[PDB]
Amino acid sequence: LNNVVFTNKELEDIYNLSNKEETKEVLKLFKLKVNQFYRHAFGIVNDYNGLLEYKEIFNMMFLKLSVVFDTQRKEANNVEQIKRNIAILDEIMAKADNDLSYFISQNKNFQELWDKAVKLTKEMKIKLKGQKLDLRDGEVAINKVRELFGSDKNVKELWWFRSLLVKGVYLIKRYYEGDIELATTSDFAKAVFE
């Protein structure tokens, strides 16, 4: 439910203020950075949504940007300041990347799991070659991984823990839909209800 990100309308309004003629070829560069910025920001939101701290990082990016827009809004023709603002946007993205790394490296096995996902993906190139796979769902996608690497230590742990979790939310759902007697539906349910 984004509201922290400026609409293309709002961005165009801000670009306008840079009406003078000298502040024109710099305004070209500024417009380019703001785009690289958006790309960089959303890249984070759909390449790192698995990282808890991704929302924080995304938001800081736009909070810091809004500040730069404040400057621009009341100095839209100050080319030397626009040049600096362009540098600040670069500084903002550089910190977002730093944050991204700090967290990924602070989460024990996050680096290892990343490499593994990279390694198995490369292998998927081979395995899927002309397999004409075509289905939408994290399910189908994840089932494929199981189907191809069921013997891998990491996808094994993921599939096992996953199966239990899913089983756990389905039964509690049943429980609250009036049921019980569930305490003897499986060893899992028995341990969950005892």
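For every residue, the number given is its place in the sequence shown, counted from 1.
When the mean C-alpha temperature factors of 66-74 and 130-138 are read from the deposited coordinates, 130-138 comes out higher.
Relative to its counterpart among 120-128 and 88-96, 120-128 has the higher mean temperature factor, C-alpha atoms as listed in the PDB entry. Split the chain's modelled residues into thirds by C-alpha temperature factor. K156 is in the lowest one.
Ranked by C-alpha B-factor against the other modelled residues of its chain, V26 falls in the highest third.
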